[PDB]
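K.L.:
If it helps, the file is called coords18.pdb and holds PDB, C-alpha atoms:
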ATOM      1  CA  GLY A  86      -5.318 -30.575   7.519  1.00  0.00           C
ATOM      2  CA  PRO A  87      -2.701 -28.446   9.313  1.00  0.00           C
ATOM      3  CA  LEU A  88       0.151 -30.275  11.043  1.00  0.00           C
ATOM      4  CA  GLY A  89      -0.561 -28.605  14.372  1.00  0.00           C
ATOM      5  CA  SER A  90      -3.108 -27.512  16.965  1.00  0.00           C
ATOM      6  CA  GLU A  91      -5.883 -29.809  18.187  1.00  0.00           C
ATOM      7  CA  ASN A  92      -8.602 -27.932  20.073  1.00  0.00           C
ATOM      8  CA  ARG A  93      -7.680 -24.264  20.481  1.00  0.00           C
ATOM      9  CA  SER A  94      -9.918 -21.682  18.809  1.00  0.00           C
ATOM     10  CA  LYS A  95      -9.523 -18.866  21.334  1.00  0.00           C
ATOM     11  CA  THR A  96      -7.967 -16.629  18.681  1.00  0.00           C
ATOM     12  CA  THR A  97     -10.167 -17.844  15.827  1.00  0.00           C
ATOM     13  CA  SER A  98     -13.922 -17.814  15.217  1.00  0.00           C
ATOM     14  CA  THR A  99     -15.960 -20.103  12.965  1.00  0.00           C
ATOM     15  CA  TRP A 100     -19.514 -20.293  11.628  1.00  0.00           C
ATOM     16  CA  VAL A 101     -21.404 -22.958   9.680  1.00  0.00           C
ATOM     17  CA  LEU A 102     -24.367 -21.838   7.574  1.00  0.00           C
ATOM     18  CA  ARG A 103     -26.126 -23.207   4.492  1.00  0.00           C
ATOM     19  CA  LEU A 104     -24.971 -20.736   1.840  1.00  0.00           C
ATOM     20  CA  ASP A 105     -24.418 -20.994  -1.914  1.00  0.00           C
ATOM     21  CA  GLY A 106     -26.574 -24.110  -1.764  1.00  0.00           C
ATOM     22  CA  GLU A 107     -24.016 -25.885   0.408  1.00  0.00           C
ATOM     23  CA  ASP A 108     -22.630 -25.894   3.950  1.00  0.00           C
ATOM     24  CA  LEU A 109     -20.745 -22.592   3.820  1.00  0.00           C
ATOM     25  CA  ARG A 110     -17.917 -22.468   6.361  1.00  0.00           C
ATOM     26  CA  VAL A 111     -16.855 -19.028   7.590  1.00  0.00           C
ATOM     27  CA  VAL A 112     -13.817 -18.301   9.760  1.00  0.00           C
ATOM     28  CA  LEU A 113     -12.573 -15.104  11.402  1.00  0.00           C
ATOM     29  CA  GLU A 114      -8.803 -15.070  11.905  1.00  0.00           C
ATOM     30  CA  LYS A 115      -7.574 -12.853  14.742  1.00  0.00           C
ATOM     31  CA  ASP A 116      -4.411 -12.192  12.736  1.00  0.00           C
ATOM     32  CA  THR A 117      -6.127  -9.489  10.682  1.00  0.00           C
ATOM     33  CA  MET A 118      -9.751  -9.985  11.722  1.00  0.00           C
ATOM     34  CA  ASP A 119     -10.340 -11.103   8.134  1.00  0.00           C
ATOM     35  CA  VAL A 120     -13.124 -13.439   7.013  1.00  0.00           C
ATOM     36  CA  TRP A 121     -12.426 -16.756   5.292  1.00  0.00           C
ATOM     37  CA  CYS A 122     -15.118 -18.424   3.184  1.00  0.00           C
ATOM     38  CA  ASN A 123     -14.818 -21.286   0.695  1.00  0.00           C
ATOM     39  CA  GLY A 124     -11.037 -21.116   0.914  1.00  0.00           C
ATOM     40  CA  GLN A 125     -11.047 -17.495  -0.228  1.00  0.00           C
ATOM     41  CA  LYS A 126      -9.918 -14.466   1.779  1.00  0.00           C
ATOM     42  CA  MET A 127     -13.152 -12.468   1.923  1.00  0.00           C
ATOM     43  CA  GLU A 128     -13.159  -8.672   1.677  1.00  0.00           C
ATOM     44  CA  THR A 129     -14.457  -6.781   4.711  1.00  0.00           C
ATOM     45  CA  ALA A 130     -14.721  -3.063   5.463  1.00  0.00           C
ATOM     46  CA  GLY A 131     -12.557  -2.898   8.572  1.00  0.00           C
ATOM     47  CA  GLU A 132     -14.470   0.013  10.082  1.00  0.00           C
ATOM     48  CA  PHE A 133     -13.353   0.780  13.637  1.00  0.00           C
ATOM     49  CA  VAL A 134     -16.070   2.429  15.728  1.00  0.00           C
ATOM     50  CA  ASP A 135     -15.938   4.010  19.183  1.00  0.00           C
ATOM     51  CA  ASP A 136     -16.435   0.524  20.624  1.00  0.00           C
ATOM     52  CA  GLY A 137     -16.206  -2.618  18.515  1.00  0.00           C
ATOM     53  CA  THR A 138     -15.634  -3.478  14.862  1.00  0.00           C
ATOM     54  CA  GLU A 139     -18.168  -3.761  12.040  1.00  0.00           C
ATOM     55  CA  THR A 140     -16.837  -6.126   9.375  1.00  0.00           C
ATOM     56  CA  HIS A 141     -18.739  -5.485   6.144  1.00  0.00           C
ATOM     57  CA  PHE A 142     -18.079  -8.174   3.536  1.00  0.00           C
ATOM     58  CA  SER A 143     -20.130  -8.904   0.417  1.00  0.00           C
ATOM     59  CA  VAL A 144     -21.119 -12.476  -0.438  1.00  0.00           C
ATOM     60  CA  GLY A 145     -22.390 -13.155  -3.944  1.00  0.00           C
ATOM     61  CA  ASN A 146     -25.994 -11.969  -4.101  1.00  0.00           C
ATOM     62  CA  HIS A 147     -26.206 -11.523  -0.329  1.00  0.00           C
ATOM     63  CA  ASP A 148     -25.135  -8.952   2.262  1.00  0.00           C
ATOM     64  CA  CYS A 149     -23.441 -10.588   5.249  1.00  0.00           C
ATOM     65  CA  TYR A 150     -21.273  -9.101   7.996  1.00  0.00           C
ATOM     66  CA  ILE A 151     -19.500 -10.061  11.221  1.00  0.00           C
ATOM     67  CA  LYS A 152     -20.800  -8.136  14.233  1.00  0.00           C
ATOM     68  CA  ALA A 153     -17.805  -7.701  16.536  1.00  0.00           C
ATOM     69  CA  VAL A 154     -18.049  -6.408  20.106  1.00  0.00           C
ATOM     70  CA  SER A 155     -15.188  -5.551  22.460  1.00  0.00           C
ATOM     71  CA  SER A 156     -15.567  -6.132  26.200  1.00  0.00           C
ATOM     72  CA  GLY A 157     -13.480  -5.190  29.223  1.00  0.00           C
ATOM     73  CA  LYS A 158     -11.263  -2.219  30.042  1.00  0.00           C
ATOM     74  CA  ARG A 159     -10.482  -1.696  26.356  1.00  0.00           C
ATOM     75  CA  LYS A 160      -9.500  -4.844  24.460  1.00  0.00           C
ATOM     76  CA  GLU A 161      -9.610  -7.521  27.161  1.00  0.00           C
ATOM     77  CA  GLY A 162     -12.078  -9.861  25.485  1.00  0.00           C
ATOM     78  CA  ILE A 163     -13.642  -9.487  22.046  1.00  0.00           C
ATOM     79  CA  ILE A 164     -16.514 -11.507  20.588  1.00  0.00           C
ATOM     80  CA  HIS A 165     -17.455 -11.794  16.913  1.00  0.00           C
ATOM     81  CA  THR A 166     -20.958 -12.711  15.747  1.00  0.00           C
ATOM     82  CA  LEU A 167     -21.504 -13.567  12.081  1.00  0.00           C
ATOM     83  CA  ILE A 168     -24.762 -12.292  10.593  1.00  0.00           C
ATOM     84  CA  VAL A 169     -26.363 -13.114   7.242  1.00  0.00           C
ATOM     85  CA  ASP A 170     -29.419 -11.221   6.003  1.00  0.00           C
ATOM     86  CA  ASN A 171     -30.092  -9.655   9.403  1.00  0.00           C
ATOM     87  CA  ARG A 172     -29.855 -13.063  11.075  1.00  0.00           C
ATOM     88  CA  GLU A 173     -27.555 -14.107  13.920  1.00  0.00           C
ATOM     89  CA  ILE A 174     -25.227 -17.036  13.238  1.00  0.00           C
ATOM     90  CA  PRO A 175     -24.178 -19.686  15.791  1.00  0.00           C
ATOM     91  CA  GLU A 176     -20.441 -20.001  16.426  1.00  0.00           C
ATOM     92  CA  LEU A 177     -18.576 -23.310  16.650  1.00  0.00           C
ATOM     93  CA  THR A 178     -17.797 -22.446  20.270  1.00  0.00           C
ATOM     94  CA  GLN A 179     -20.102 -24.579  22.414  1.00  0.00           C
TER      95      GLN A 179
END
In structure tokens, what does this structure look like?
P.N.:
Amino acid sequence: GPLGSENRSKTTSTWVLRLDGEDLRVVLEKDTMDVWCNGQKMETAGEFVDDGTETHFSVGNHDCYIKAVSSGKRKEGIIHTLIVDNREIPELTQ
């Protein structure tokens, strides 16, 4: 319950998936493109490719990862897509 903001997630991504037997909430902060799950700074790979970023973070007995894709001239607009077990994950946006 932060004492600020209201409805602005342009620089922050979120994903809700049933993990660990409960509604696992994942968030991708633009600050360091890090992943936040169960109130615990996840550990990604931070591999920068020719175009886009492949965040590789381990989750218990599973292998999840955030598929990032840059669009525009260079870094105009970037979109992150969480994936768990080779399965796309819906973002809070829309």
K.L.:
Distance CA of residue 146 in chain A-CA of residue 163 in chain A, one decimal place?
P.N.:
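Separation between CA of residue 146 in chain A and CA of residue 163 in chain A: 29.0 Å.
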K.L.:
Counting only C-alpha atoms, which residue out of A:174, A:155, A:92, A:128 sits closest to residue 141 in chain A?
P.N.:
A:128
K.L.:
Kindly indicate which residue among A:139, A:172, A:116, A:151 lies nearest to residue 99 in chain A, using all atoms listed in the file for the distances.
P.N.:
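That would be A:151, the residue with the smallest distance to residue 99 in chain A.
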K.L.:
Check what the PyMOL selection byres ((chain A and resi 144) around 10) selects in the file above and give those residues as a tab-separated table (two decimals) with C-alpha atoms, in the coordinates of the input.
P.N.:
chain	number	residue	atom	x	y	z
A	104	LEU	CA	-24.97	-20.74	1.84
A	105	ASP	CA	-24.42	-20.99	-1.91
A	122	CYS	CA	-15.12	-18.42	3.18
A	127	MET	CA	-13.15	-12.47	1.92
A	128	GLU	CA	-13.16	-8.67	1.68
A	141	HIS	CA	-18.74	-5.48	6.14
A	142	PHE	CA	-18.08	-8.17	3.54
A	143	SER	CA	-20.13	-8.90	0.42
A	145	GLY	CA	-22.39	-13.16	-3.94
A	146	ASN	CA	-25.99	-11.97	-4.10
A	147	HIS	CA	-26.21	-11.52	-0.33
A	148	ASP	CA	-25.14	-8.95	2.26
A	149	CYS	CA	-23.44	-10.59	5.25
A	150	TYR	CA	-21.27	-9.10	8.00
A	169	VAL	CA	-26.36	-13.11	7.24
K.L.:
In Å, rounded to a single decimal, give me how far CA of residue 156 in chain A is from CA of residue 133 in chain A.
P.N.:
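Pair CA of residue 133 in chain A / CA of residue 156 in chain A returns 14.5 Å.
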K.L.:
Please expand the PyMOL selection byres ((chain A and resi 136) around 12) into the concrete residues it hits in this file, giving the result as number ranges by chain.
P.N.:
A: 132-135, 137-139, 152-160, 163
K.L.:
Considering all atoms listed in the file, can you say which of A:166, A:179, A:90, A:171 comes closest to residue 113 in chain A?
P.N.:
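Nearest to residue 113 in chain A: A:166.
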K.L.:
Hey, can you check how far CA of residue 162 in chain A sits from CA of residue 88 in chain A?
P.N.:
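Between these atoms lies a distance of 27.8 Å.
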K.L.:
For residue 167 in chain A, which of A:98, A:103, A:117, A:125 is the closest residue, counting only C-alpha atoms?
P.N.:
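Once distances to residue 167 in chain A are computed over only C-alpha atoms, the minimum belongs to A:98.
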K.L.:
When distances are computed from all atoms listed in the file, which of A:123, A:129, A:140, A:178 shows the smallest separation from residue 97 in chain A?
P.N.:
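Using all atoms listed in the file, the shortest distance to residue 97 in chain A belongs to A:178.
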